[PDB]
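Trainee: I would like the atomic coordinates for the input below:
(9 chains, ligands or ions: 5)
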Amino acid sequence: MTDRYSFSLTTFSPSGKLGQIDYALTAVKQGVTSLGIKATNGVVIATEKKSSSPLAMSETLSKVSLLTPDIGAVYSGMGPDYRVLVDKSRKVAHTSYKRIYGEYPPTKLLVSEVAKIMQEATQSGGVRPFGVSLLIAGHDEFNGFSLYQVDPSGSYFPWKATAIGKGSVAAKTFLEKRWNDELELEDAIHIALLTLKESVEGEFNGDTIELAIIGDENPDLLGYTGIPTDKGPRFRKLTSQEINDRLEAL
Amino acid sequence: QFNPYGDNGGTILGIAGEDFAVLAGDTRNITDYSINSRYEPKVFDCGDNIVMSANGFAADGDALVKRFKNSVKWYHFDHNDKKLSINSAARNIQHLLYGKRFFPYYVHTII
Amino acid sequence: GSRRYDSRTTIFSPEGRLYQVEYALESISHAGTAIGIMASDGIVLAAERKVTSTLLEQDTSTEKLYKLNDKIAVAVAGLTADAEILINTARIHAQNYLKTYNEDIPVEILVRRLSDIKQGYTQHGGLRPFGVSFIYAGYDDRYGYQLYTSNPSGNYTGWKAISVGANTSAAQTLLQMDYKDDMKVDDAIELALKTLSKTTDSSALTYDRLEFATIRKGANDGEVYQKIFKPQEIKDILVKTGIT
Amino acid sequence: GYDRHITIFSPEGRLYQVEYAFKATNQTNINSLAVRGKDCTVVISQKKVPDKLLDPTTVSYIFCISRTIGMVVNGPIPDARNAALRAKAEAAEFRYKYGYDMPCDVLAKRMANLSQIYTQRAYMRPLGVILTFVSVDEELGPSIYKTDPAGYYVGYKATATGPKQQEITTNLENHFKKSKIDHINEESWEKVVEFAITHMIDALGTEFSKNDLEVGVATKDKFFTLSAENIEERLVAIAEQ
Amino acid sequence: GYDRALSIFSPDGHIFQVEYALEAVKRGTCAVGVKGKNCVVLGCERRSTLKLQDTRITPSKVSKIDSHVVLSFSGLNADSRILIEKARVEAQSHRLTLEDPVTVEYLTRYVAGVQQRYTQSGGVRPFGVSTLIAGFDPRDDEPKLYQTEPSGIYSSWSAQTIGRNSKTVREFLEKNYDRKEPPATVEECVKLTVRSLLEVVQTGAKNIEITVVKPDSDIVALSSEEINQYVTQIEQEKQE
Amino acid sequence: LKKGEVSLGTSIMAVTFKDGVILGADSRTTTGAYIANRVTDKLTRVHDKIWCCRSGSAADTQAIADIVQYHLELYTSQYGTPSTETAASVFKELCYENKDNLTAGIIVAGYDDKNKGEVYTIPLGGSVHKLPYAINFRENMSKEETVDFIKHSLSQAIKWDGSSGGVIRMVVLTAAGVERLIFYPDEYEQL
Amino acid sequence: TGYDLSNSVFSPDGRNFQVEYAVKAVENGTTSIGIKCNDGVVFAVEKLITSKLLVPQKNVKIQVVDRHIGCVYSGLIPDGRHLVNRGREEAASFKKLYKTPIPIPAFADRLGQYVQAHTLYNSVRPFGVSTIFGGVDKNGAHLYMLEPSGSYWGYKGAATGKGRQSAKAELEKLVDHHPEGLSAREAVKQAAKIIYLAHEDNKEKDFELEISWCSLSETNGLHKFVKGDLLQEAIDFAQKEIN
Amino acid sequence: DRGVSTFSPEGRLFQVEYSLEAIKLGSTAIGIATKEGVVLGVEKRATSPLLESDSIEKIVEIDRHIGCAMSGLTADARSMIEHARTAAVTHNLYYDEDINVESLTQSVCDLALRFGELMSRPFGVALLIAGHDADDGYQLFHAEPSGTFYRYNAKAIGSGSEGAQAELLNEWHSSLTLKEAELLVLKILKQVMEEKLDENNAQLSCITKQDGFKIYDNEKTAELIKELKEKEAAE
Amino acid sequence: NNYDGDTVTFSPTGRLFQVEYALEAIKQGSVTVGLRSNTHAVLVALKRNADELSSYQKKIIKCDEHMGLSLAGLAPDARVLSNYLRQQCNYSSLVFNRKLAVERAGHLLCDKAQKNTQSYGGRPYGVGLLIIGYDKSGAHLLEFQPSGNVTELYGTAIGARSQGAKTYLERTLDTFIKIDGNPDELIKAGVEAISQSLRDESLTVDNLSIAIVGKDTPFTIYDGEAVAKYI
Ligand SMILES: [Cl-]
Ligand SMILES: [Cl-]
Ligand SMILES: [Mg+2]
Ligand SMILES: [Mg+2]
Ligand SMILES: [Mg+2]
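Mentor: Numbering: from 1, shown residues only, chains lettered A, B, ... in the order given. Ligands and ions are numbered 1, 2, ... in the order given. Sure, the structure comes next:
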């Protein structure tokens, strides 16, 4: 018995390609389109909720996840791989940072820890790479707002705006035309909805679209009062109603 | 507190002749002021013309004799039924005893 | 059992070569070119970013050049994710040495240990090697300014000027042509950029496709300073040498 | 082609072992169905006992995981029982550690994460089963959550599983288009079971006796299965209308 | 742990992984060892395709194991560092327990034992390295020169060479080296070592390294100019 | 018993009778001469119709009872409703194997439909003893008689022991179900 | 293809060919049966007399687990012993913790989970035995049959081995003709007959009969071997039926 | 590939059979047992004339009363010798006596099959273990990598083993003296060796009850070689 | 063919080829015979030599005062299994002051061999054993095969040309079983049995190996001049 797979399942081919990473990226390509746009006073991340069945409740399946009060994540590719990465990302934010420094990690370092986990699946024994690309939006005091992409290889890049998955080639072209360095958060949300309509084929509304923001602090979402320094989470998931309001003036 | 040792009394005696040897011992077994047995042998034939007694704390004496007897048995298996010389048995018993140097067998052994 | 699926990463070819090391080097040859040039009064590190996109955030990015401590830096060529694993190990090793001896780690000792880790993956463990080549640029009070390189084999060597990644054949010829021993940092900066400009696969070399760094004794009196160049600072140095 | 033997990516980004585990799901040739009432969650499954020598009371693909949670499985019984035992252990441990009964959706997620590990780790094969968890959660109310070999899971208004799953799914889809609601608007669980059975008869086109069906019912603070006589009583009510 | 038996027997009775490790040695730069009457000299080739090198900091081919013993090698450079480190640790460990530095034979036997262990351990490949170990035993003036190889066999040599084109330089040494009368002085021994490398090297500039070891921990490495004088002298005598 | 830790006293009992079994106890919990809790519930549920009475260390008895409840919940999921004897075995297994670090005296009481009312006592050593009752009793008493027997018995314990006091809690285990009873000082003192 | 070369590998069908190959080894083995009765169970097995040199009655194939469970199997005999050794450990730890002897359904799952575990990895081989087992517990009599895949069900009658189809057919007739139930002493006699009828599919070598039983009335709920007069009575009954 | 501990269809372990082929490539080693002692001789076989032949250690002491000669992949023998020496000394410590030659051999042979997937492959070396004890007297054993050992009156192993063994078949008798055995080893070695036999490329040793195990000097062996040539020319 | 790479693999017809190849190693091994009466049990073994200069491979091993076996096939494997038996016999004596039953001895060997046929990495034992003994239920003879199958018999034989001796014992069954209180006659029957497996070669003084155990006879092996009586 016992895990006898103590050797790498990902290896270099004669051409220098790491097959399993390339094939993982292929799985990401097949995945549903998701995108991220960075504004001056916030970040927006969005994706289509591809429903497996109309009987399924798409509210229960959350493609956009809170990692810390000020950091959020979305993906393209294999959902189950994403779900466990979110669980590990949340835990590592505590064990390797919050329990040491008494504060949540900055975006870049949490991204670094997630990237490390994904790099290990590329080299450790008896495992395949994660078949997902993550877009992680976040805010912290000293770096401000930021948006990162994380690939199956464990490589991560900071973006002003980008897209991943099915129609990423066309979506990135669309974002290049629309993006500037003076965008306000509401403008970025508007562009995000325009960009996403191109890739979405069927219904396009607040029930089929999932969208969250990293913006201003939300004292109403904190759950308590009395500590002035604690002002609330910057991550906020937009409601189905809030999305439909912006789709009218589109 | 639990005291793992005891004194079962008794006394043994070994004398060597020219072409013979004797190992004697009383058959009384005791604890404190009570008699446990009036006949409880503690001098044993261990094979290969070796006799042995481990006097003191009976539980340790019985365990030691039992291990040496077993040591004789495996000496035959491993070394083509060779006879265990008295000097070789002595050295073997040293290793049995010293193997518990930090939790000794409370016995005075004679063969 | 599992034997069926084992690639056997740590074995010799009939010719006496390590398959995976050779294929890792093939991988590295497609990576963005990185150049290190050592001068008498400092070291230059120059590196070409891999086919940049216009929407990539350039100023808050780190792909090629990393800091190991206050006196030592590295240029990366290969898998970035692999390099970061090794970099954090190297950073920790430098601090262990400082904790133990109350002295900054000598450059070679850090390089040897990092190279020894790579070697391990080629000889045991059954894992794939790190697809990474480093250029180490650093200073210590024993040997002064030093340039090294290590590759997936775990073999390291010292250099006066060296390239890693793509077009190293063409790049090394150009460096061998124009390099000389009494060179200054400002001259080395110019050589590094000129070499990349000719060996690049891009149409024209621009500020947004580069990473740049120097290790000078330009600080005040007998102390070393690490300068990781900003985007605007690369833009200025590129105009100053007359490339754009 | 060893990329089809273990859980690693094929050139087109697929896990063939996961896909073949899905085909093992239908190996029993049994169809299951789950629907929600107001106060309850009902799950029904076909019961096929081909051998005459079998003890029919021991032939079951419905499990009582905890007092509140029930689980029906579509797939081979050895993998089914493997999943059942684990879920029972997880539900019991949860209660001990966190001081309250494990919710249906949390258990589903936990089992889905375990399934996900088998799709990534090479030495472990996926279980060839689809797990349908049902309960009346104290926070979320009537709940249906389903897990598969891919490690995917999601909540359901209603659901069906098996070879003729699509015919049952569309049958239920068409009903909820008509009723305009997320559940079966019915007071007693007895009539929700009658609904479930009726719509399975219409979709599959087969009639059922008391021994052809197997029924599980979740209410507040307890999940329980129905006996053959409980089902028979239920079948009589359908026939008399 | 990774357990796979990489080094195994083949039908014809060969261990290919050990033999392929010898091919790696054959690819490595040439190294030569010549022992005289009161000294040993270790010559080493350095390939000249590498210009712009920094010879100050570049790892030297000859390594000190202790103050009285040196080790050169041919084959995989990264592998050699592991053997050298183990040897250096064992040298200090020997001084600590025996209160006496290692003999050259002992140190060789240790290194050879390490190499052998990697030919029948699970999860590891053999060292792609052959070594020349040289020096003088404590309180002894008899020169010692040993060779090791990936299989784990070791032996003593009056003079020996390893690496690429080593068969050519071994051919040279076999007729030029006299057992009855070895190089009487340091100069004679160094010259013969340089001569033998000049059969293979190419140019005698910064391609040849020479290290001289003498009794009582007296080891010194020759500089470029010092070596170049031997090259200049040999070529003038050759034209005859 | 660790110094300063919370003690549960020792005034607990379980009595079998015609229709089932009744558990009874006081409500006092001490730390030296200080009453840390005067309305403690020493009657704890490990299963629907298997309860226990805790004595000695409050921390130890709680940790054990929690573990037992875990084992019987897991037992029930796999093998159906457990016996009162099975419950007592799990208690014993814990109390016996960890006897060096524990100070727990437990009385297990339960109701089967076959076995009816059963009582098992588990003292400090980790031994088990099945009895008709535990702490002039007659077999097959009525509910009302057994209540008065427990009431009068604990009433006296409270009267003479300072480790005992407060209210008298009782739990009745029958085929009918589970019934909680309580008796205040003004009632039981003047008996 | 190559899907059948490794255990725990799904074919494109969704099958584990290695487990199916293990079934072939079970089919190759001697016939063994189990009969559930009024207040207990009866086990019987075909022992092929390879030679005159075999000592009669001294190569016992039926095994006891705890004191109340009987196990018999067909296929690779050593694999069956390994499974019973596990069963004894499972039953021991159950009684150690829960005091009461292990219930048959509980015991059935302990084996089932263990056998199923040997279809999860390529580093182990599936069990080359179908195991018929059962006994008497607090809830009454139980008979089970467990296969290489880990699959098991409760049975009224069970059969496995080379003469399984013949035995099954004969078992089906008993179930039909005795709906109200079969007695323990009757089941022993029927068990003998069915082994003799099933021996027609293995009639080159002659055989030796071995029977055991658990019964609340006859054996006091404990597992016992059928020996002496009762065994010879069952053999004579079977001899009379074939002729 | 295939498993390390696999059986062939014929019923043999592949790796053990392949290791036997490696031993055939090895240099020749001959052992002869007599009532006056046991003689062990080996072909040194230097790969080059620059190699100092005295450093070739193919005959080895295990204890004062036990010696050992090897043939095949001689590097593999080092751990076998180390084990043997420890076994011999350990037994003396436990039992205050010399250890039987057979028991020592059995201890070495227990290592042989301790390989698989313990070490990664069988040993590629055969050993001739020669010694004396009080019980069975002078003894010669042949220890293979299969884990099997046979006792022999005389035995040759290595490249010229089949030819030398046939010669030992005719020449050996029970009344051989020690001096006769010494010459016989040298005679048979000279026949099967590629290069011409002398004191530098061949080595002799013996074990006697009185003086224990002794490797012969090159001066002593040279006289026995000269004595051998004269006796063959004498008829 | 494709299903004989290791012991963990079943063939399409349900066979374990590595176990069958281990069984083949026994057939190549030298013949050994076992037989018993009610009072005694006897092992007779034809020892094999490498050549005339070599010794004859010892086939019989003692396990306790009342038990022992003969081997056929890989001798080192017999040493491992016999050593395991010695320990189990010894465990029974030290802990329970009880001589280990010959039937239990067989059950323990079966289970030890079985574990080697179900796990990856390991290999089956390449030896067949004939265990004899005298315990509280009289004389016993067992036949061990490395598949795991252990069989109690009146008589048997294993090794090359063992069918000849096995046929003889099958004919002689009624005769030798009743040789009670007579060691030498039971041995004679065993020596005549093993003679039916001889081709070209005959039984010599240093070739034949005999062992015996019984009621008032500890397990003792006879070799050399001690077996000259029976030639
Ligand atoms: Cl989880
Ligand atoms: Cl409390
Ligand atoms: Mg259930
Ligand atoms: Mg897998
Ligand atoms: Mg009071």
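Trainee: give me the distance between the two termini of stretch G:213-224.
Mentor: Taking CA to CA, to the nearest Å, stretch G:213-224 runs 6 Å from one end to the other.
Trainee: report the distance from it to the chain centre.
Mentor: Centre-to-centre, stretch G:213-224 and its host chain are 17 Å apart (CA atoms, centre = their mean, to the nearest Å).
Trainee: which stretches in chain E count as helices?
Mentor: E:16-27, E:77-98, E:104-117, E:166-176, E:186-198, E:224-238 (DSSP state H).
Trainee: by contact count, what packs against the third one?
Mentor: The one in question is helix E:104-117. strand E:69-75, helix E:77-98, strand E:129-135, strand E:144-148, strand E:154-156, helix H:77-95 (3 or more CB pairs under 8 Å, 6 or more residues apart in numbering or on different chains; DSSP states H and E). Where you see a C-beta, it was placed from the backbone N, CA and C, and this is true even at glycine.
Trainee: and for the longest one?
Mentor: Of the remaining helices and strands, those touching helix E:77-98 by 3+ CB pairs under 8 Å, 6+ apart are helix C:107-123, strand E:69-75, helix E:104-117, strand E:129-135.
Trainee: partners of the second one in the sheet?
Mentor: Read it as strand E:69-75. Sheet pairing of strand E:69-75 (DSSP bridges) gives strand E:63-64 (antiparallel), strand E:129-135 (antiparallel).
Trainee: quick one: strands adjacent to the longest strand seen in chain H?
Mentor: The single longest strand within chain H, with elements called by DSSP state E, is strand H:125-133. Sheet partners assigned to strand H:125-133 using DSSP bridges are listed as strand H:66-72 (antiparallel), strand H:137-143 (antiparallel).
Trainee: quick check: angle from the first one to helix H:77-95?
Mentor: Going by axes from the mean of the first three to the mean of the last three CA atoms, to 10 degrees, strand H:66-72 is angled at 160 degrees with respect to helix H:77-95.
Trainee: just how off-centre is strand H:66-72 within its chain?
Mentor: On the basis of CA atoms, centre = their mean, strand H:66-72 sits 3 Å off its chain's mean C-alpha point.
Trainee: same deal with the last one?
Mentor: Relative to the chain's own centre, strand H:137-143 is displaced by 10 Å; criterion: CA atoms, centre = their mean.
Trainee: over to stretch E:189-206?
Mentor: Using CA atoms, centre = their mean, the offset of stretch E:189-206 from its chain centre is 15 Å.
Trainee: and the end-to-end length of that stretch?
Mentor: Distance between the two ends of stretch E:189-206: 20 Å, counting by CA to CA.
Trainee: tell me which residues of the biggest helix by length in chain F are tucked away?
Mentor: With secondary structure taken from DSSP H, chain F has its longest helix at helix F:58-79. Going by neighbour count (16 or more other CB atoms under 10 Å in any protein chain shown), the buried part of helix F:58-79 is F:58, F:60-61, F:64-65, F:67-79.
Trainee: which ones are touching residue D:218?
Mentor: Neighbour list for residue D:218: D:40-43, D:68-70, D:134-136, D:142 [criterion: CB atoms under 8 Å, 6 or more residues apart in numbering or on different chains].
Trainee: residue D:224 is nearest to which of the strands paired with strand E:69-75?
Mentor: Nearest of the strands paired with strand E:69-75 to residue D:224, taken as CB to CB: strand E:129-135 at 72.5 Å.
Trainee: so the closest one versus helix E:166-176, what angle?
Mentor: 30 degrees.
Trainee: tell me the most buried of the helices and strands packed on helix E:104-117?
Mentor: Among the helices and strands packed on helix E:104-117, the stretch with the highest mean neighbour count (mean count of other CB atoms under 10 Å in any protein chain shown) is strand E:129-135, at a mean of 29.
Trainee: the inter-axis angle of the helix of greatest length in chain G versus helix F:58-79?
Mentor: Counting by DSSP H, the longest helix found in chain G is helix G:77-98. Relative orientation of helix G:77-98 versus helix F:58-79 (the same axes, to 10 degrees): 140 degrees.
Trainee: which strands and helices sit next to helix G:77-98?
Mentor: Going by 3+ CB pairs under 8 Å, 6+ apart, helix G:77-98 lies up against helix F:84-97, strand G:63-65, strand G:69-75, helix G:104-117, strand G:129-137, helix I:102-118.
Trainee: any idea how far residue D:71 is from residue D:231?
Mentor: Look at residue D:231 and residue D:71: by CB to CB, to the nearest Å, they are 19 Å apart.
Trainee: those two - which one has more neighbours?
Mentor: residue D:71 (30 against 23; other CB atoms under 10 Å in any protein chain shown).
Trainee: next, that one: phi, psi?
Mentor: Residue D:71 adopts backbone torsions of phi -140, psi 130, taken as degrees, to the nearest 10.
Trainee: same check on the one 3 residues further on?
Mentor: As for residue D:74, its main-chain torsions (degrees, to the nearest 10) stand at phi -110, psi 110.
Trainee: any idea how far it lies from ligand 5?
Mentor: In this view, residue D:74 and ligand 5 are 63 Å apart by CB to the ion, to the nearest Å.
Trainee: where exactly do the helices run in chain H?
Mentor: So, for chain H - with DSSP H - the helices run H:14-25, H:77-95, H:101-112, H:161-171, H:178-192, H:218-233.
Trainee: the fourth one vs chain I: in contact?
Mentor: Yes. Contact check for helix H:161-171 against chain I, using CB under 8 Å from any CB of the partner chain: residues in range are H:165, H:168-169.
Trainee: ditto for the fifth one
Mentor: No. In terms of CB under 8 Å from any CB, no part of helix H:178-192 sits within range of chain I; the closest distance is 13.0 Å.
Trainee: now that helix: buried residues?
Mentor: H:181-190, H:192.
Trainee: and the strands in chain I?
Mentor: Under DSSP E, chain I gives strands at I:32-36, I:40-46, I:60-64, I:67-73, I:127-135, I:138-144, I:150-152, I:155-158, I:208-214, I:217-222.
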